[PDB]
Structures are given as C-alpha cells and as structure tokens.
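Quick setup: one chain, the form deposited in one PDB entry, written in structure tokens, and binding and motion questions come after.
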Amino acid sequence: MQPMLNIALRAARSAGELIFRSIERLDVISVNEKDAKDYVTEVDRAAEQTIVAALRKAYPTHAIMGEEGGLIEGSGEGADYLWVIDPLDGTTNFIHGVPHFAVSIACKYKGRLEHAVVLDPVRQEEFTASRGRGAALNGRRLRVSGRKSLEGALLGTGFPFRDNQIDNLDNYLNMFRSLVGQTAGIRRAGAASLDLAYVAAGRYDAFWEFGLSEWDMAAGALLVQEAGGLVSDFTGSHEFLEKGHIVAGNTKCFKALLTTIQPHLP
C-alpha cells in the first residue's frame, strides 16, 4: 500500500512465477547430482535479475545486496536505501522439488528495516510488512500467537552448515535437547525466511537458528516485529543481521526460548 512496498511485492511475484515454472520443469525432467548446484545457481541468478531489474526501474539510485550479486552501492539520497535480497531461500528444498521455499526482499533505510516481502510462490502466500504499519498475509493482518509458555509450543529451527563444525553442532543439539520436553514439536522446514514468516503469522510460537545470512533474516524479522513479536540475537541484543544468530517469537515464547538457550552459550 506504500509505493516502495508495492514495487517490492510485484518484483517478488515475478521472481516467484519464474521459480514456479522452473520447479515444474525440474519435477518432470530430473537433474542428477553434479548438475544440481549449477541448476540452483541458474534459477537463483535469473530470479535475482528479475527482482533487481524491477527494483532499479523504480529506484535506480538505491543500493542492492543480493545473495548472487553481492553489494552494490547507491548514490545521492538513494544511498540511504539498501535492498537485501534472497531471490530463492530454501535452495536445497527447491532443487529436490520440496514445495517449501520463498523469495525474500527487505528494504533498509539508513540501516533500519523499512519494508519486507516473503513470498511462497507454490502456496501463493505473500507476507508483507512496513515499519510501523503491521504485517499481512495476502492482505489479511498478521498477529503472533498468544501461547503463554513453551508448554505445547511448536518451534521452528535450522542448522545451515553441512560442514565440519563440531563445536557449533554439539551446542545446537544441547539447545535442541533442552527444548524437547516442554514443546509439542520442533520443525526443520529448510527456509529461514518462511520460518520467520510463520512466527509472524502465529504458525510457529518461536524460532531460533544460527549461521544465517542477512538476506535470510531481514524480511522475516520485520514481519515478526510488525506482527507484534520479538526478535534478537542469541545474546538478547539487536545485532542479529550482522551476527547471523536469531531468536524470534511471540512475547512469552521468545523470552522463554532465549532464557533456555543461555546455558549453552558462554
């Protein structure tokens, strides 16, 4: 409804239609191990081109930070706007044909989250927010869940590394373990932007993950904030975008989750 948000939304829609046609072709004509990385890079960069063309047609002086393309500075007052783009969040899902992935676009004005779009092109779920305007899913206002504690909570999470990183891993599995008793479930769906959007819509009561990139978190974090939730890093501060670890939730479940993970950090 704000012109900048509408621009971002149409760019996400075009990218998502491209991604949807790609998955359709994938599902009938089956790429093998070696080709998978190259197919993903191709679809990623085609969707990013779609988005960036649409954005720059309206705001050519803005700064752009894409997953495929890196950081490109803006000029004049446009230098105060930074687009943070994951054109395809959930690439492993995508390349396997798992229908759970999103386009993720955030706009920051002087370093504050200003606009956000997370678009599931399969389910056709459009999560939007502007700073101080609240959040919507396909036009309906979003609210975080009301659950009062982790008792029976449904959490989201993820471990995005798939390396040797035995320190991190153990710590994570310790966090995970402490959460297993109270919660009704933990889900590992494979796209952090959709996990944050689901926190915002009330579908998850909270979410925690480390090892993320800015483009994975930016839009979904604004969604959670504007839906009435809380978002921070693992230490409780607001440097999640920079550090790559994030806790998001409704008020009570955010607080309980943060407390629960404290013993498994220094």
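A residue's number is simply how far along the shown sequence it sits, counting from 1. Here the rigid core means the biggest group of C-alpha atoms that line up within 1.5 Å when the two forms are laid on top of each other.
Separately, the form deposited in another entry exists; it is not shown, and the next lines address it.
*Asks:* With the two forms fitted on the rigid core, I'd like to know which residue in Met65, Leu26, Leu212, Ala54 is displaced by 2 angstroms or more at its CA between the shown form and the other one.
*Replies:* So the only displaced C-alpha belongs to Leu26.
*Asks:* Using a superposition on the rigid core, decide whether the Cα position of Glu239 changes by 2 angstroms or more between the shown form and the other one.
*Replies:* Superposed on the core, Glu239 moves its C-alpha less than 2 Å between the shown form and the other one.
*Asks:* Quick one: core overlaid, is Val180 moving 2 Å or more at the Cα between the shown form and the other one?
*Replies:* Comparing forms between the shown form and the other one, the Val180 CA shifts below 2 Å.
*Asks:* Could you check, with the core superposed, whether the Cα atom of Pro160 shifts 2 Å or more between the shown form and the other one?
*Replies:* True for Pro160: a C-alpha shift of 2 Å or more.
*Asks:* So the C-alpha spacing of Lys34 and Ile23 changes by 3 Å or more in that other deposited form; is that change toward closer or farther than shown?
*Replies:* Residues separate in that other deposited form, at least 3 Å farther apart.
*Asks:* Indicate closer or farther: the Cα atoms of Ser30 and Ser104, in that other deposited form, relative to the displayed form, with a change of 3 Å or more.
*Replies:* Residues converge in that other deposited form, at least 3 Å closer.
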